[PDB]
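Student: this one's a deposited entry, sequence included:
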Amino acid sequence: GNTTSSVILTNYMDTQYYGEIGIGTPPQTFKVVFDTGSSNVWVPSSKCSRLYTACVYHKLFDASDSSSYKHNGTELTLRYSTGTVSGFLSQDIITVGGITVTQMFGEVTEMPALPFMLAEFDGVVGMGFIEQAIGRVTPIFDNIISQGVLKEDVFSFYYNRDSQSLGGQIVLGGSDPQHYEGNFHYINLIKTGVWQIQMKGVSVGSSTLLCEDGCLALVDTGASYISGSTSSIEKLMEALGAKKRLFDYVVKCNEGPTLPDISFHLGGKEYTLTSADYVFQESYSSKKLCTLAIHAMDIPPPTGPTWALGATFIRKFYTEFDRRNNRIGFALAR
Ligand SMILES: COCCCCc1c(C(=O)N(CC(C)C)[C@@H]2CNC[C@H](C(=O)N3CCOCC3)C2)nnn1-c1ccccc1
Ligand SMILES: *[C@@H]1O[C@H](CO)[C@@H](O)[C@H](O)[C@H]1NC(C)=O
């Protein structure tokens, strides 16, 4: 086809980026993260026990209010690196960016307070490949492609730095030159089935003392931060002089601006973040601590161990995900 369409995103505190979808007839609206690091769609279910407080605080899909619902009921569990949801498969009509599609999705009945009581979003729309989909369910973008309406077999992500402006934008079927500049630099995927590319080094200043012999980088739109393995991140943080807490790393806020550049060697170029790009600079006080937008995520094989380039990275680099050619294009965001 020749359709290009967009999903307007909200940016909550530079840590959560989410848009809205409609499910059912009439449409029930959900806030969802669009996640290239997974391939299932899910929303919380009306059948979620209200003893799960997350299900008290989020919008619940009620199949009993939708005339286009089609029962399946196969149990499924989605195990993310940060937590787990469980429930069952349903089918209904999903509206995303004014595109309407028949989609199998998870109705989540078990929704733990961590992390989901911290989520502004209700659910997740996986933008990964069918090969990562739990229960082999056709991901939403594969179903949109099957309709033959999109101009290209690509989707693009813009995540704004500002958190009276759009928080971000997903273009389905292309990219938006309003939100990037210069040429795209394209890196091929290591393989179809995952949005993962070869990385050739991680530098702190001019010193590439990480990933010297090559490593993996997942381009993960559903992650808040840049992440690496615990041992990788520990060495990175020792070089920055950052202190490890339970869930994050911190520096004294006065040190934040003095922190060195971090470069990611992707497809022959250095993608450099300055301290402004990865320090939550909420203060300049030596008596306060400022969080870094980088932390440990230990991802098991076959996907990991791997780095993941989340919102911290995507904020600087507008990202095109090319399904037609199995590649990722990065351009300077604006
Ligand atoms: C850009 O906006 C994203 C905001 C969500 C970030 C997040 C994640 C998160 O990073 N993920 C799973 C999520 C999508 C349910 C990621 C999404 N991508 C897949 C990741 C994953 O599970 N893996 C394991 C398999 O290999 C790929 C990485 C997890 N977990 N909790 N939170 C969060 C929850 C409340 C408050 C603040 C953060
Ligand atoms: C659920 O979907 C699977 C695979 O698409 C199918 O084999 C099964 O019959 C469905 N179950 C029900 C109860 O409709």
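Tutor: On my side now, so go ahead. Numbers count the residues shown, from 1 in each chain. Ligands and ions are numbered 1, 2, ... in the order given.
Student: give me the nearest residue to the residue of the chain found nearest ligand 2, chain neighbours excluded.
Tutor: Ligand 2 sits closest to residue 72 of the chain, with a gap of 3.9 Å, by CB to the nearest ligand atom. No exception for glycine: its C-beta is placed from N, CA and C like everyone else's. Excluding its sequence neighbours, the residue lying closest to residue 72 (CB to CB, 6 or more residues apart in numbering) is residue 89, at 4.1 Å.
Student: in which helix or strand does the one you found reside?
Tutor: strand 83-96 (DSSP states H and E).
Student: now what about the helix or strand following that strand, what contacts it?
Tutor: Sequence order places strand 99-110 as the next helix or strand after strand 83-96, per DSSP H and E. By CB atoms under 8 Å, 6 or more residues apart in numbering, the surrounding residues in contact with strand 99-110 are 3, 5, 23, 40-49, 52, 61, 63, 72, 76, 78, 84-95, 123, 137-138, 140, 143-144, 147, 149, 172.
Student: grab the CA positions of strand 99-110 and hand them over as CSV.
Tutor: Below are the C-alpha coordinates for strand 99-110, written out as CSV (Å, rounded to 0.1, in the frame of the first residue of the first chain):
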residue,chain,number,x,y,z
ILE,A,99,-4.8,1.1,11.6
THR,A,100,-7.2,-1.6,12.7
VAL,A,101,-6.1,-5.2,13.0
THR,A,102,-7.3,-8.6,14.2
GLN,A,103,-4.8,-9.6,16.9
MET,A,104,-4.1,-12.3,19.4
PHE,A,105,-3.0,-10.8,22.7
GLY,A,106,-2.5,-11.8,26.3
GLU,A,107,-5.2,-11.0,28.9
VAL,A,108,-3.0,-10.7,32.0
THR,A,109,-4.5,-12.2,35.1
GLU,A,110,-1.3,-12.2,37.3
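Student: gap between it and the chain center?
Tutor: Put simply, strand 99-110 sits 18 Å off its chain's centre (CA atoms, centre = their mean, to the nearest Å).
Student: how about it and ligand 1, touching?
Tutor: No - Strand 99-110 stays clear of ligand 1 (CB under 6 Å from any ligand atom), getting no nearer than 10.5 Å.
Student: in terms of contact count, name the helices or strands touching the helix or strand just after that strand.
Tutor: Going down the chain from strand 99-110, the next helix or strand is helix 113-116, by DSSP H and E. Here helix 113-116 touches helix 53-57, strand 83-96, going by 3 or more CB pairs under 8 Å, 6 or more residues apart in numbering; DSSP states H and E.
Student: cool, thanks, talk later.
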